[PDB]
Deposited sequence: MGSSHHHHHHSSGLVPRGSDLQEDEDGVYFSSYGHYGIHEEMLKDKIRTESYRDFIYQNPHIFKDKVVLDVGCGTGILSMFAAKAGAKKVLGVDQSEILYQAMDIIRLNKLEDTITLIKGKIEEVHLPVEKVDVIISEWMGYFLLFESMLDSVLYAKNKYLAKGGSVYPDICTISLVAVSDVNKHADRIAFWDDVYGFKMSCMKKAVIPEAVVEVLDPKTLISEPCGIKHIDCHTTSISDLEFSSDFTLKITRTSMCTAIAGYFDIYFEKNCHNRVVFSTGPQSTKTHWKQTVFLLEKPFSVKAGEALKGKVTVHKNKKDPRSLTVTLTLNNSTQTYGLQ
């Protein structure tokens, strides 16, 4: 849509340079191939593919941004290789039956919030040639335990005394809202636990709604105040130069930051304890995350 989204994504060096490195360092995946960029935005991924030796690149975006991409492709004299089409990938007519390669940046906060994966899976199933490839091809979601009584008090306890007046009843609107923010790695009190693994080659839309039992290996005796979620992105299939980036707190921050699920009742944990919980994701545009931990259940959404 608005240029501000595309500025934020383009200024994410981890995001954009991971895609650039994967493409430039694996040109055999692109040489003389037909490539589809699903949600191309400004078209930077289409221009990477072009430079790595793509025969033909089809950039598709439903938003106004595609008209800026048309000027950008002309400014870079790539109009002979990159053809741009406005519309939903679900609706547009392509000047080919099949593509060799699909690339997309489809990933939302906590991977699946307001994600485009459903649109990318549609492209796969309709347009991907026999033996073709989609990138990134592998994604994981992780949870990690957090101790931060100060940030918890800033968001929750805050409402008990507001310039001398009780606003306690506000807590019930705040707890259920997941927070997208950068965590201080110092506040992590468990080993991470994988809760979801996706190969975009084999996954369906139905697999994006899932449940996982998890265990957090507690590494610090502390008050547990939150669970943080993040995702890892991998470019693996047919790569001589494989590329991974993490949106986890231990790694260089990205525009995805981390997704934080606040506990109503923080509870003490011991170094070496195996903290057992359950999480379920429902596509209930807008998706929800149900967490069971310490004999309490809360459903979280994102604003």
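*Asks:* In sequence order, what intervals of the deposited sequence carry no C-alpha positions?
*Replies:* Unmodelled stretches: 1-33, 318-321.
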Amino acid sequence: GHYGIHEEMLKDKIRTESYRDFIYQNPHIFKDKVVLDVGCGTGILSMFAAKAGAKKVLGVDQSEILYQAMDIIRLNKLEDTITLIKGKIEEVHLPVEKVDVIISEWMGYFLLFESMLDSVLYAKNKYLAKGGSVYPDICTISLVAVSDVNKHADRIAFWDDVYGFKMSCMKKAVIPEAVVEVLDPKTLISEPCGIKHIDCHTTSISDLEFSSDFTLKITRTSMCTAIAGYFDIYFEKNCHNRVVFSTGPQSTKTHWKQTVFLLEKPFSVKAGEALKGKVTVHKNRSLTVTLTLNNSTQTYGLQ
From here on, numbers count along this sequence of modelled residues.
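Basically, rigid core = biggest C-alpha set you can superpose within 1.5 Å across the two forms.
*Asks:* If you line up the core and then measure how far each C-alpha sits from this form in 6 other deposited structures of this protein, which stretch comes out higher, 178-186 or 158-166?
*Replies:* Between the two stretches, 158-166 moves farther in 6 other deposited structures of this protein.
*Asks:* C-alpha RMS from this form in 6 other deposited structures of this protein, rigid core superposed: larger for 98-106 or 111-119?
*Replies:* Between the two stretches, 111-119 moves farther in 6 other deposited structures of this protein.
*Asks:* Counting only other entries that model residues on either side of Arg285, is it left out in at least a third?
*Replies:* Per the records, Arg285 goes unmodelled in at least a third of the other entries.
*Asks:* So 136-144 or 202-210, which one's hotter by mean CA B-factor in the entry?
*Replies:* The stretch with the larger average C-alpha B-factor is 202-210.
*Asks:* Taking the recorded C-alpha temperature factors, which stretch has the higher mean, 78-86 or 227-235?
*Replies:* Per the PDB entry, the higher value belongs to 78-86.
*Asks:* Would you check the entry's CA temperature factor for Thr299 and let me know if it's in the chain's lowest, middle or highest third?
*Replies:* Lowest third.
*Asks:* Which third, lowest, middle or highest, does the C-alpha temperature factor of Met47 belong to within its own chain?
*Replies:* Tercile = lowest for this residue's CA B-factor.
*Asks:* Looking at the C-alpha B-factor of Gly194, is it in the lowest, middle or highest third of its chain?
*Replies:* Ranked within chain, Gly194 CA B lands in the lowest tercile.
*Asks:* Using the B-factors in the PDB entry, rank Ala69's C-alpha atom against the chain and give the third, lowest, middle or highest.
*Replies:* Ranked within chain, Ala69 CA B lands in the highest tercile.
*Asks:* Name the third of the chain's ranked CA B-factors that contains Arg15, choosing lowest, middle or highest.
*Replies:* As the PDB entry reports it, the C-alpha B-factor of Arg15 lands in the lowest third of its chain.
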